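K.L.:
The structure follows.
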Amino acid sequence: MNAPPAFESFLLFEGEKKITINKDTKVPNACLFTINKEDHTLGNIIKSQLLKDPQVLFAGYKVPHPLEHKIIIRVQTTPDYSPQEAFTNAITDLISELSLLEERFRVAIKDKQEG
Amino acid sequence: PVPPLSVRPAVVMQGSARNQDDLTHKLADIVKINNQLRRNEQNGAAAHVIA
Amino acid sequence: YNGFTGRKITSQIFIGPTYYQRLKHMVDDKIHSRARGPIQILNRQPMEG
RNA sequence: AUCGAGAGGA
């Protein structure tokens, strides 16, 4: 009766932006990234990759409400860096790792199939 | 005193016959007995039936 | 293991098959709201139920 | 619709 459609968790509603960027005014060099129609998968991988960056001072994410489909990622960097650069570099690093993993899994599957 | 209809509403039920409030039936009984008594005065009658 | 992060949960969890029943009391048969609907005849107050 | 009854819920 009040049930939301199942597709609402991954389909952007008309006029909805995938990602929004805001400045965190409490401290310098801090940004809040709001991502719509994403959940713990992307948030967790991005947060961990950001934590791998030595120029990142703070990296965290949360789902404000499980019944909504938004994640907020907060990134603080050193003044010589930018949270936007850190976010972009983290995504690039994750993509590179996934591509390498896919290639090596293909090789391993072929090896196992031949013998 | 006879309360108005809003105090004893008569409701048009599913059957077209109207439904009367309990107060209406009691008032009908009162009117019947009062009329019979008044009849027994305008023409004399035994004190037993009047009582 | 935690589903969101995949980390192990520090405490171990009691888990196993248990017979459960679904009771006839469902929220969609109870949810109710009103904004100026029908009223009673004798008194002009909102109806019941 | 009214009245009554019954079974239930917290």
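Labeling convention for the structure tokens: chains A, B, ... as they appear, residues from 1 per chain, ligands from 1 in order of appearance.
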Which of chain A end up as strand (DSSP E or B) when DSSP is run on this backbone - answer as a VMD selection string?
P.N.:
chain A and resid 19 to 23 30 to 36 56 to 62 70 to 77
K.L.:
List as a tab-separated table every residue of chain B that is in contact with chain D, defined as an atom at most 10 Å from one of its atoms (using only C-alpha atoms (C1' of nucleotides)), together with the nearest atom pair and the distance in Å rounded to one decimal, sorted by chain and then rising number.
P.N.:
residue	atom	partner	partner_atom	distance
B:11	CA	D:1	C1'	7.6
B:12	CA	D:1	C1'	8.1
B:13	CA	D:1	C1'	5.8
B:14	CA	D:1	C1'	7.5
B:19	CA	D:2	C1'	8.9
B:21	CA	D:2	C1'	9.4
K.L.:
Using only C-alpha atoms, which residues of chain C come within 10 Å of chain B, and what is the closest atom pair for each, with the distance in Å to one decimal? Give it as a tab-separated table, sorted by chain and residue number.
P.N.:
residue	atom	partner	partner_atom	distance
C:41	CA	B:9	CA	7.6
C:42	CA	B:9	CA	6.7
C:43	CA	B:7	CA	8.9
K.L.:
I need the helix (DSSP H, G or I) residues of chain B per DSSP on the backbone, written as a list in words.
P.N.:
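Helix (DSSP H, G or I) assignments inside chain B correspond to residues 22, 23, 24, 25, 26, 27, 28, 29, 30, 31, 32, 33, 34, 35, 36, 37, 38, 39, 40, 41, 42, 47, 48, 49 and 50 of chain B.
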K.L.:
Suppose you want the space between atom CA of residue 93 of chain A and atom CA of residue 66 of chain A; what is it in Å?
P.N.:
28.1 Å
K.L.:
Kindly determine which residues of chain C lie within 12 Å of chain D, considering only C-alpha atoms (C1' of nucleotides), and give the answer as JSON, numbers by chain.
P.N.:
{"C": [23, 24, 25, 26, 30, 40, 41, 42]}
